[PDB]
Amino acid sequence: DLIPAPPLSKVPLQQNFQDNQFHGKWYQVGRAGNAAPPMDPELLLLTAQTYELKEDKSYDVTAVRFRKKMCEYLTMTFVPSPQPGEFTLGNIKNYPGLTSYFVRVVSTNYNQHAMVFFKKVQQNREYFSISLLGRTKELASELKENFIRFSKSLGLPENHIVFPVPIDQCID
């Protein structure tokens, strides 16, 4: 049932990560991961996220999506770990069935695009995912192709990579 998570050696880490340049609003322009494609195609609408850099240097990351006529929000806290650009999950004891959570920012120019890699253990199944983030709702096709390449290098097939359609509700 799941494509194996890749060894973390296959996942680059953005060098000299600057938390205060990575903050603020991003659109999840590309998604890839071993989780199954959604059965509800309404989840294929573009979401937005805010990486709110807090006083204690953790981020309170809030994602919004449009679903069933409403804006649905979810906030999680990313606690910086010893390597700049890597994070674990704040107060994981508050998340039922979620036992492990890891974030690595793979690459970014801060002002246009980012790729962020996630690996978590939920119900003792190991999931991984990669997000392509844009400061605008659309990105250059060469960036989308690079994201596909990268996703396939971690063992993902084309049907586990998707490019959500920009919407105006909730996210702008």
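Quick note: we count residues from 1 along the sequence shown, nothing fancier.
Stretch comparison (9 to 17 versus 144 to 152) by mean CA B-factor in the PDB entry places 9 to 17 on top. When the two stretches 70 to 78 and 96 to 104 are set side by side, the higher mean Cα temperature factor goes to 96 to 104. Highest C-alpha temperature factor among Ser131, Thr47, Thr62, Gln123 per the entry: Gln123.
Per-chain ranking of the deposited C-alpha B factor places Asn111 in the highest third. Ranked against the other modelled residues of its chain, the C-alpha B-factor of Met39 as given in the entry falls in the highest third. In the PDB entry, a CA B factor belonging to the middle third of its chain's modelled residues is recorded for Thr136.
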